Amino acid sequence: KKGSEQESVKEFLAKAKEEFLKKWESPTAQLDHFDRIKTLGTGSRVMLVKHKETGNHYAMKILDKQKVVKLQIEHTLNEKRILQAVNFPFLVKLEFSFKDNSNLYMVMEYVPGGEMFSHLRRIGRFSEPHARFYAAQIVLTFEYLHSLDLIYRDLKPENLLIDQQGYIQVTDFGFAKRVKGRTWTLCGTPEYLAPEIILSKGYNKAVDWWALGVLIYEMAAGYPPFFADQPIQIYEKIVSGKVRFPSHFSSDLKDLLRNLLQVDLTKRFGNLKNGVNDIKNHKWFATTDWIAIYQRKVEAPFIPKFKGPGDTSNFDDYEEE
Amino acid sequence: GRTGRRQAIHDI
Ligand SMILES: CC(=O)Nc1cccc(CN)c1
Ligand SMILES: CC(=O)Nc1cccc(CN)c1
């Protein structure tokens, strides 16, 4: 039975790689086709827009060529090329992309449930079954991406949107990269960086598994495991090899997290002979029906409220520029 | 620790 399940994963990934490669090797609209509505998020912006012809709403990522000045540029090409070639239930869909004299634009499906980040900070923490439901989707998404030699490199609740079924949509592929062995760019978000990134070591997809450990801890605790006011203090905590857990964490959860938040790459789950199955077959996931999650048959822990098309009530406000 | 949204870092 587990043998049948493993053969079926092999089959699915072989077909997924064939489809990805067709689009990867052979990868529009214009700005006046959309009414800009509201900024949904911003960083070093994404706007809700409304397509004038069809009335459909989208999330438009706008990249200022005057800001993307850092050697930033490769990462932007990675993002567009990867998003146009992947296809998975928990990855945001890219619809259009175009550019003008000032900006690059990627137009994606609008996911109106808001960021996991908002919901988590509002309620404080998620119970373990609630956290597990989200974590299972990330596990499957990384099994898919890594099989295509893609590393994601920016997992955190800010980048996980909740859709109308209560499932996750992974957004922001700005640091995602196709990597056949190791890569060397120092990039990511401080609380979620693996030790080998901070230590300026060439690294591989195991940094995404470390970051899953940070995410599961933060979802279940309400704060991440390496927590300080300044990035340099965070980095010292990450490289030490020490993690402490809330007293309400189950022992199964602590065991899984000790194996993800493992500084020694010869021991870190996701990075061993059995690959992702050390994670999928861990006791903390014993209740998880992996195929039922993929097929979206599992009832979600909560469904965000929506008042209609173009509703932005589940997002925070930002200064409009 | 930092409780608001966290910015990614693109180089060192
Ligand atoms: C028709 C088809 O796609 N069959 C298939 C593919 C791959 C593997 C297996 C083995 N059970 C069967
Ligand atoms: C496609 C999409 O809606 N992206 C998005 C929206 C809001 C915020 C963020 C930042 N993590 C990203």
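In order, the residues displayed for chain A correspond to 8-34, 38-54, 57-83, 85-334 in Swiss-Prot numbering, which applies throughout.
A Cβ is built for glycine as well, from the same backbone N, Cα and C atoms used for every other residue.
Feature annotation from Swiss-Prot assigns active site, proton acceptor to A:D167; the stated evidence is sequence analysis. The phosphoserine annotation in Swiss-Prot covers A:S11, A:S140. If you look up Swiss-Prot, you'll see A:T49, A:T196, A:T198 marked as phosphothreonine, on the strength of similarity to another entry. Per Swiss-Prot, the feature phosphotyrosine maps to A:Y331.
Positions of Swiss-Prot features highlighted on the structure.
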{"residue": "A:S11", "record": "phosphoserine", "Cβ within 10 Å": "7"}
{"residue": "A:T49", "record": "phosphothreonine", "Cβ within 10 Å": "19"}
{"residue": "A:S140", "record": "phosphoserine", "Cβ within 10 Å": "12"}
{"residue": "A:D167", "record": "active site, proton acceptor", "Cβ within 10 Å": "20"}
{"residue": "A:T196", "record": "phosphothreonine", "Cβ within 10 Å": "17"}
{"residue": "A:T198", "record": "phosphothreonine", "Cβ within 10 Å": "18"}
{"residue": "A:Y331", "record": "phosphotyrosine", "Cβ within 10 Å": "14"}
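Within 10 Å of A:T49 (phosphothreonine), counting C-alpha to C-alpha distances, fall none of the recorded positions A:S11, A:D167, A:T196, A:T198. The two recorded residues A:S11 (phosphoserine) and A:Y331 (phosphotyrosine) have their Cα atoms spaced 49 Å from each other. Think of the gap as 2 residues with no coordinates, bounded by A:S54 and A:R57; the Cα atoms of those bounding residues are 8 Å apart.
Here the CA atom of the residue listed as 'active site, proton acceptor' lies 15 Å from the CA atom of A:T196 (phosphothreonine).
Note: A:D167, taken in sequence order from the recorded positions A:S11, A:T49, A:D167, A:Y331, have a C-beta within a distance under 8 Å of a chain B C-beta. Rounded to the nearest whole angstrom, the C-alpha distance between A:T198 (phosphothreonine) and A:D167 (active site, proton acceptor) is 13. With 3 residues unmodelled in between, A:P34 and A:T38 have Cα atoms 11 angstrom apart. Mapped onto three states, the DSSP output places A:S140 (phosphoserine) in coil.
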